[PDB]
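Encoded as structure tokens, the following chain is the form deposited without its partner chain, with no partner shown.
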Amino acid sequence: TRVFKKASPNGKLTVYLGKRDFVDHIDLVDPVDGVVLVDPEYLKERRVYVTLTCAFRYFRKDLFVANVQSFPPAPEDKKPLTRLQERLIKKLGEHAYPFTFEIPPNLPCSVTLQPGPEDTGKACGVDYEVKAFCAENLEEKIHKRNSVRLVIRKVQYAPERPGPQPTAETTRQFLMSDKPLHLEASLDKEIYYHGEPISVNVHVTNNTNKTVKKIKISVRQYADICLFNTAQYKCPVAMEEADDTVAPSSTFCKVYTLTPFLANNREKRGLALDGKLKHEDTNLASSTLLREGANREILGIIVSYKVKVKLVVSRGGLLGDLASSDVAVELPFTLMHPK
């Protein structure tokens, strides 16, 4: 139960809503259902309209805004009284007039970019506001007192599909991969939960005619974020070193465990985070489902993850050594909360 009421100022126009964590599993989303309570003792505007906005920030380059008129019955729609609303009408009394926002797939998950120190006054990212107002006209400026917002979030959880085992292999490169020299790095699964370590196994052969130095396992965050046109970002999440022991004709088969955690990437600028209601200490950003794997078209924030395996050669002379002599592979994965 425990409906979340806001009690808009001047003692008027209280609004009630259910869960504030609306879920988008893969596609489709719970409608934003609830009841707004408006006492009809003034009727100065004779029109109360509640809106939902997907505004983007750091102002307010909005994404999708919808409006609902509710003081009149609005006979065009016949949305059934929800399971919460059936009792909410009885609880609130006579003046309980319902509202519902059925949102199609329009905007991505509410992911807030990490503010910088001395560079934070408000939230910066994607969020929903759900404003409510009582105005006779359509777009007059209400503000003042009888205007109420309620930050709600859309989040995605782990699907019931572990997925295949990510694999990759590189074989040759400039004046570095020459005699047989291949990497057979793989992964365990595709779905991981936050705070749980991820393990990677290596199968380098080093049949080459030149030695190779220590590897460097790292985790990348491919945060495809932009509003005006498009852009792309890539910032580190976690990394680990290794040992300088690989000799020619030696198949190293070490395994490494990396735990992506937020205790260290506190000062990283541009590191995406999960939705913050009010400047709270949240977790790392969860990877989103990229347009149900069928469209690959976006209009907001995309967060994706991929590990990297780098190998050093430590070239030793003038025989065409000083060039691009690094071999690397990338393995994607989806890091999500479970439910």
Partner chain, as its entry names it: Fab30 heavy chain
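Residue numbers count along the first chain shown, from 1.
Although it is not shown, the form deposited with its partner chain bound is what the next lines describe.
Screening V36, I302, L284, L52 for any heavy atom within 4.5 Å of its partner chain in the deposited bound form leaves a single hit, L284. This chain is displayed alone, yet in the deposited bound form one of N201, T167, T259, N106 has a heavy atom within 4.5 Å of its partner chain; that residue is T259. Taking non-hydrogen atoms only, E280 approaches its partner chain to within 4.5 angstroms in the deposited bound form.
Its partner chain is not shown here, but in the deposited bound form it comes within 4.5 Å of a heavy atom of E196. At a distance threshold of 4.5 angstroms between non-hydrogen atoms, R266 is in contact with its partner chain in the deposited bound form. In the deposited bound form, its partner chain sits beyond 4.5 Å of every heavy atom of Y222.
Heavy atoms within 4.5 Å of its partner chain in the deposited bound form map, among the stretches 188-196, 98-106, 242-250, 128-136, onto 188-196 alone. No residue in the set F22, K154 and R291 has a non-hydrogen atom no more than 4.5 Å from its partner chain in the deposited bound form.
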